[PDB]
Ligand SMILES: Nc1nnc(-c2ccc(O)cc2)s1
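Given next, in structure tokens, is a single chain: the form solved without this ligand.
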């Protein structure tokens, strides 16, 4: 039975997430700007829905038929604790707890990013240990469990140099 982790896939300059056999979500800035296909499908066959730093792809055929469809929502209630599902090219999997806040336009290393704010709950400074995000992590999904149901609520768009603050881009 396929884990959540099998849905996290290397893509462009970062990552994305399979919501169902036909639906893939990612951060807009990691998508190649020169392409004629993705995952073997011509771009003519792909519906692309862009909303700021959130992009959804809907494929005309089943790319990941091994998966069931899961619930995608437009962010989550303020105060929800989500996990960001970070994969690294070493083969490490780094699920990190994040407390989610308001939807806002936030100044992150001198640039405006719009999405749902969050604060990492892994403590003082990750630097040294596997406790924080890095630039190559963009497009990792934000997920949480709600009774028996898993929910995905957005994708990793930005983080401060400091480490504490992240932005989860969300569906419009």
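Positions refer to the first chain, counted from 1. If you superpose the two forms and keep the largest set of C-alpha atoms that fall within 1.5 Å, you have the rigid core.
Not on display, but discussed next: the form solved in complex with this ligand.
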query	finding
Contact label in the bound PDB entry: residue 19 to this ligand, heavy atom within 4.5 Å	yes
Distance check, residue 70 to this ligand in the bound PDB entry, heavy atom within 4.5 Å	yes
Touches this ligand in the bound PDB entry: residue 23 (any heavy atom, 4.5 Å)	yes
Partner contact for residue 56 in the bound PDB entry: this ligand, 4.5 angstroms, heavy atom	yes
Core-superposed comparison between the shown form and the other one: the option from 48, 121, 129, 134 whose CA moves 2 angstroms or more	129
